[PDB]
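The chain below stands alone and is given as structure tokens, in the form deposited in one PDB entry.
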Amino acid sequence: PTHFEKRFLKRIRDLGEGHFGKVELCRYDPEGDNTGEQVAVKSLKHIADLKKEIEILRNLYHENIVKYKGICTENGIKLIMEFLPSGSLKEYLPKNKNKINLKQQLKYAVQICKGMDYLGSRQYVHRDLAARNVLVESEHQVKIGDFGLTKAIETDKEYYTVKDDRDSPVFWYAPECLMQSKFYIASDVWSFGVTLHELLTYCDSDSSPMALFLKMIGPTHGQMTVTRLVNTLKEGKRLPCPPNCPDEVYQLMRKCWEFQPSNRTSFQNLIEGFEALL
């Protein structure tokens, strides 16, 4: 069930491609009759990073967390998971602007929040909660997908300190992350507020968190981007209320963006908040 033979993973097409690896659509077909199930295969070309990601995903089992299927061994390793045909929200929302209404957006918000609350109960900080990492199973079901930057918060500890040279989604990050490299469950609540904004703007590229924040901070050298961003956030500046987003949804977004981590709302309070609106 969990061990996939490389010779039976028949590549169909690419789903995602980055500088250091890719995600492909395959059919695991050991019978050769073309009746095998379609899977999403994550690979490289960082090695220890994918194994950590495999380790975490392997230990998570939830309705709103992408289903781990298994691995494919070479030293190299491949992550096998369920294929969600509609892909990420970053892909889905621009193609379905006319099809998706507020009720539906709220239904995804609750779903994201349930997967995140499950994740926090497992003592994990996602560290990459963005629309591009929220996968669409159906018109009414989404699942959290990429555990590449995910870290376990030690028992009785409030946060994890990120000590490394890896790239980070700074435009989705809470001030403590940018300033001290501290990652609390409340840091994930911050990223959720940024994700909710993307979800309400239908992932319009011109209104993306990076594009709006870069427009706020003006001309900057890359080395000064995070400091310029820290300062914008210290002044009280936030992503504006998306047009046609009701105040009741914006106040819940604002509850995700309280400067101090302890002043932010919980994922459970967010679930209850969106449910009252449905």
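All residue numbers refer to positions in the sequence shown, first residue = 1. So that the term is clear: the rigid core is the largest set of C-alpha atoms that superpose within 1.5 Å between two forms.
If you look at the other compared entries where the surrounding residues are built, does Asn75 lack coordinates in a third or more? It is, since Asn75 is left out of at least a third of the other entries that model both flanking stretches.
Please classify the coordinate gap between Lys45 and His46 in terms of deposited residues: none, 1 to 3, 4 to 9, or 10 or more. The entry leaves 4 to 9 residues without coordinates here.
Deposited residues omitted from coordinates between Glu74 and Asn75, as a class: Per the deposited record, the segment joining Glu74 and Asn75 lacks coordinates for 1 to 3 residues.
Mean C-alpha B factor from the entry: is it higher for 143-151 or for 92-100? Here the higher of the two C-alpha B-factor means belongs to 92-100.
Stretch with the greater mean C-alpha B-factor as recorded in the entry, comparing 159-167 against 120-128: Result of the comparison: 159-167.
Member of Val66, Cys26, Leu229, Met210 with the greatest C-alpha B factor (per the PDB record): In this record, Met210 carries the highest C-alpha B-factor of the candidates.
Per the entry, which of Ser187, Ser181, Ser86, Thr195 tops the list for Cα B factor? Answer for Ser187, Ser181, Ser86, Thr195: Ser86, with the highest C-alpha B-factor.
Looking at the temperature factor on the CA atom of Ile217, which third of the chain's modelled residues does it land in? According to the entry, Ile217 has a C-alpha B-factor in the chain's highest third.
C-alpha B factor of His3, ranked within the chain: lowest, middle or highest third? It belongs to the highest third of the chain when residues are ordered by C-alpha B-factor.
What third of its chain's C-alpha B-factors does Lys22 belong to: lowest, middle or highest? It belongs to the highest third of the chain when residues are ordered by C-alpha B-factor.
Lowest, middle or highest third: where is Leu277 by C-alpha B factor in its chain? Its C-alpha B-factor, which the entry lists for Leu277, ranks in the middle third among residues of this chain.
What third of its chain, lowest, middle or highest, does the C-alpha temperature factor of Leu233 fall into? For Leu233, the deposited C-alpha B-factor lands in the middle third.
What comes next is about the form deposited in another entry, which is not displayed.
For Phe259, is the C-alpha shift between the shown form and the other one 2 Å or more after core superposition? It does not reach a 2 Å shift.
On a core-based superposition, does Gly222 travel 2 Å or more at its Cα between the shown form and the other one? Shift of 2 Å or more: yes.
So that I can tell if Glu235 moves, could you say whether its C-alpha shifts by at least 2 Å between the shown form and the other one after the core superposition? Where the cores coincide, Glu235 shows only a C-alpha shift between the shown form and the other one that is less than 2 Å.
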